[PDB]
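So the structure is just underneath, and the comments pick up after that.
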Protein chains: 2
Amino acid sequence: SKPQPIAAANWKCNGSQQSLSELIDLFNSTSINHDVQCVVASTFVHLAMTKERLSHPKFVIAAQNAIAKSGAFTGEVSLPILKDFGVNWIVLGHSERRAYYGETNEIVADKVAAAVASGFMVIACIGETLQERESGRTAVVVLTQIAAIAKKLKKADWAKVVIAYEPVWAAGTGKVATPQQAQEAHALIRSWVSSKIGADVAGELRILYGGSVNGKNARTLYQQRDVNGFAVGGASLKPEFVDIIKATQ
Amino acid sequence: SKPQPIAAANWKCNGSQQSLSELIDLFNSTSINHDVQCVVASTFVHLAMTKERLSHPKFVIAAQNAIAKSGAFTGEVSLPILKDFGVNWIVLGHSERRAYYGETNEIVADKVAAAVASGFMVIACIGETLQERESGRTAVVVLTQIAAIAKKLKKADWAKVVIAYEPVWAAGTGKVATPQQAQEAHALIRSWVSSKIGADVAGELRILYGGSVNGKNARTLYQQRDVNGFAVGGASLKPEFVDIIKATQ
Ligand SMILES: [K+]
Ligand SMILES: [K+]
């Protein structure tokens with residue numbers, strides 16, 4: 001059967017003290033009857049508030065980015081700073097950082113390896129753009145992305161690693177990913193891990209769908225063989241995120 | 001007479017909850033007699049603990065970076081989020097962000113303009129590299145940087161703008177600029193502001209020096225005609241910062 005599902009809330013660069021606290025109150029009051037690891041990834045600024053307010057046993061807190069080491073890097077946040085601050089989860093290599101902030105396949109790989117070495121649970125993000133998919137390069141792109149990450153990891157490190165597939169080709173492009181299209185991408189990633197890392201690792205690896213979801217389509221998406229949860233964007237700032245949690249059973 | 005001096009502490013990407021707490025406790029117990037605006041720019045993560053424990057009346061809290069608007073920008077922090085969090089000061093266009101994180105002259109200018117429009121006090125960083133100075137291109141490089149900023153500002157905006165002249169070759173290298181080198185650069189900057197923006201604006205404009213400032217060289221640096229304070233990196237993580245504050249007369 002599937003490993004423990006994950007419902008990750010990527011709040012991105014959003015939220016006020018009031019709006020986020022209200023949403024945290026809803027999460028705290030939400031009863032969850034099945035084994036699922038829920039994750040709340042707030043901005044660095046809201047990490048303190050989230051730590052103090054979030055109390056649900058099946059919820060942990062994550063950062064949306066970091067650099068490997070502390071030092072002369074004005075504006076950035078390092079892994080030791082997050083570790084000292086009690087944050088043990090992190091989202092790395094998000095498509096927006098790959099696009100906007102110069103994070104190459106190797107830069108993402110270095111951050112992930114650094115985070116794992118520091119003891120973090122890591123949600124590593126991969127996925128192809130519309131240009132790459134339409135040019136028939138979905139497979140080569142996503143496999144190159146995860147190959148770069150694996151190059152800096154050992155087999156034992158994958159116990160701390162989570163893979164999130166972002167259908168970037170469907171992000172504000174007008175396109176819509178079908179459950180079949182998502183499954184095909186997940187199965188492809190699964191197949192690579194099995195042959196390159198191990199069938200044991202592949203069986204335990206959580207592959208999260210990182211595309212647009214609501215309560216309804218998330219239930220359908222979780223029916224797919226190689227979908228192990230969701231890395232949610234916009235819907236994670238809404239009460240709808242509760243439905244997405246329930247979508248993982 | 002000089003305008004109100006500024007002692008800015010740029011902790012950069014450093015510090016634990018404990019180490020920064022000790023710095024703050026020292027700052028709180030430090031008697032500051034003269035008129036000076038002290039600034040502490042911690043990481044996004046430590047903003048909350050700084051707001052809570054820092055209570056010295058002549059100290060304000062700053063961010064080390066931001067982007068203009070909230071939205072789908074994973075890992076980043078926006079100006080509206082900082083404003084909601086009660087943070088009203090910010091350092092922008094630091095040499096480390098110009099070099100590592102793709103912040104061009106025009107990118108810096110847009111952030112500065114956005115910050116001023118949102119009601120922030122802005123410490124805008126400019127400065128030349130080692131090669132640019134030794135090739136005798138300090139003037140054209142530094143003045144081009146502030147010109148790009150100036151293009152995006154109305155005259156009224158300069159009241160919220162603080163200029164930090166920070167030569168890259170002096171950043172953390174232990175090679176502080178001589179009082180003459182700093183004065184020469186500050187005089188050049190204020191002269192350009194006087195001619196292009198107005199003599200009234202230039203008379204009120206604060207020009208800080210940044211680059212290996214410590215408790216031993218600060219006093220002599222501030223004695224110069226056009227030096228209105230300091231942007232401090234490494235020494236701002238030490239008790240030495242108190243001596244730099246007092247060095248502003
Ligand atoms: K969504
Ligand atoms: K968003």
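Only this structure's heavy atoms are used, side chains among them; waters, hydrogens and symmetry mates stay out. In the text below, chain A, chain B and the rest are named by the order of the sequence lines, each starting its count at 1.
- By the 6.0 Å contact criterion, NZ on A/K238 is open, its count of non-hydrogen atoms from other residues, nucleotides or ligands being 12 or less.
- Taking each heavy atom of A/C125 and A/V91 in turn, the nearest pair found is SG-CG1, 3.7 Å.
- In summary, the aromatic rings of B/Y101 and A/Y101 are positioned with their centroids too far apart to meet the 6.0 Å limit.
- For A/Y209 and A/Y222, the distance between ring centers is not under 6.0 angstrom.
- Annotation: the span from B/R206 atom CZ to B/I123 atom CD1 amounts to 9.0 Å, rounded to 0.5 Å.
- Although no hydrogens or angles enter the test, the distance criterion places no donor-acceptor pair under 3.5 Å between the side chain of B/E76 and the main chain of B/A66.
- Remark: the B/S95 side chain and the B/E166 side chain contain no N/O donor-acceptor pair separated by less than 3.5 Å.
- Nearest heavy atoms, B/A124 versus B/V112: CB-CG2, 4.1 Å.
- Looking at B/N65 and A/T74, their side chains never bring a donor and an acceptor atom within 3.5 Å of each other.
- Side-chain contact annotation: A/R53 with A/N28, donor-acceptor N/O pair under 3.5 Å absent.
- Between B/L47 and A/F44 the shortest side-chain heavy-atom distance does not fall below 4.5 Å.
- Shown here is A/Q180, whose CD atom has more than 12 heavy atoms of other residues, nucleotides or ligands within 6.0 Å.
- Atom NZ of A/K111 is separated from atom OG of A/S118 by 14.0 Å, given to the nearest 0.5 angstrom.
- Taking the ring centre of B/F73 as origin, the terminal cationic atom of A/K12 falls outside the region bounded by 6.0 Å and 45° from the ring axis.
- One side chain, A/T178 or A/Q181, offers a donor N or O that lies under 3.5 Å from an acceptor on the other.
- Here the side chain of B/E106 pairs no donor or acceptor atom with the backbone of B/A148 at under 3.5 angstrom.
- With hydrogens and angles disregarded, a donor-acceptor distance shorter than 3.5 Å links the side chain of A/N214 to the backbone of A/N217.
- With a 4.5 Å cut-off on side-chain heavy atoms, A/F230 and A/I245 do not count as touching.
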### Task
Applying side chain to side chain contact (heavy atoms under 4.5 Å, CB included), run through A/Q224 and A/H186 and close with a yes or a no.
CA-CA 9 Å; A/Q224 303 305 315; A/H186 283 227; over 6 Å; no
### Task
Evaluate side chain to side chain contact (heavy atoms under 4.5 Å, CB included) for B/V77 paired with B/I67, printing each intermediate quantity in order.
CA-CA 6 Å; B/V77 172; B/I67 58 178; over 6 Å; no
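- Rounding to the nearest 0.5 Å gives a distance of 10.0 Å between CG of A/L26 and NE2 of A/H56.
- Between A/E103 and A/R98 there is no salt bridge, since no side-chain N of the basic residue sits under 4.0 Å from a carboxylate O of the acidic one.
- Residues A/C38 and A/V60 are not in side-chain contact: their nearest non-hydrogen atoms beyond the backbone lie 4.5 Å or more apart.
- The minimum heavy-atom distance linking B/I61 with B/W89 is given by the pair O-CB, 3.4 Å.
- A donor-acceptor contact closer than 3.5 angstrom is absent between the side chains of B/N105 and B/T144.
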### Step-by-step side chain to side chain contact (heavy atoms under 4.5 Å, CB included) determination, A/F120 to A/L79
CA-CA 9 Å; A/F120 283 77; A/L79 295 169; 4.0 Å; yes
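- Contact of the B/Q64 side chain with the B/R97 side chain is not registered, since no non-hydrogen atoms from C-beta on lie closer than 4.5 Å.
- In terms of modelled atom types and a separation under 3.5 Å, the side chain of B/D110 and the main chain of B/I107 share no donor-acceptor contact.
- Considering only heavy atoms from C-beta on, A/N14 stays 4.5 Å or farther from A/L20 through its side chain.
- No more than 12 heavy atoms of other residues, nucleotides or ligands lie within 6.0 Å of NZ in A/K175, so this atom counts as exposed by the packing criterion.
- In this structure, CD1 on B/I90 lies 16.0 Å from NZ on B/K160, to the nearest 0.5 angstrom.
- Between B/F59 and B/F27, the two ring planes are parallel [angle under 30°; tilted spans 30° to 60°].
- Minimum heavy-atom separation, A/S31 to A/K246: O-NZ, 3.8 Å.
- No salt bridge links A/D226 with A/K2; every basic N to acidic carboxylate O contact stays at or beyond 4.0 Å.
- Side-chain polar atoms of A/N228 and A/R190 form a donor-acceptor pair below 3.5 angstrom.
- Counting only N and O atoms by type, the side chains of A/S191 and A/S194 include no donor and acceptor under 3.5 Å apart.
- Rounding to the nearest 0.5 Å gives a distance of 10.0 Å between CG of A/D157 and CD1 of A/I197.
- Under a cutoff of 6.0 Å and an axis angle of 45°, B/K51 and B/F85 form a cation-pi pair.
- Residues A/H34 and A/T248 have side chains that bring a donor and an acceptor to within less than 3.5 angstrom of each other.
- Side-chain contact between A/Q17 and A/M49 is present, with at least one heavy-atom pair separated by less than 4.5 Å.
- Between B/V232 and B/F241, some side-chain heavy-atom pair lies under the 4.5 Å cut-off.
- Residues A/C13 and B/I81 meet the side-chain proximity criterion, which asks for heavy atoms closer than 4.5 Å.
- A donor-acceptor contact closer than 3.5 angstrom links the side chains of A/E128 and A/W169.
- Summarising the geometry of B/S42 relative to B/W11, their closest heavy-atom pair is CB-CE3, 3.5 Å, with the distance given to 0.1 Å.
- Shortest non-hydrogen contact noted between A/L221 and A/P179 is CD2-CA, 3.6 Å.
- In this structure, the separation between CD1 on B/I146 and CD1 on B/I163 is 4.0 Å, given to the nearest 0.5 Å.
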### Message
Quick one, B/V116 with B/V161, criterion side chain to side chain contact (heavy atoms under 4.5 Å, CB included). Give me CA distance, side-chain angles, the key distance, then yes/no.
### Response
CA-CA 8 Å; B/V116 175; B/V161 172; 4.1 Å; yes
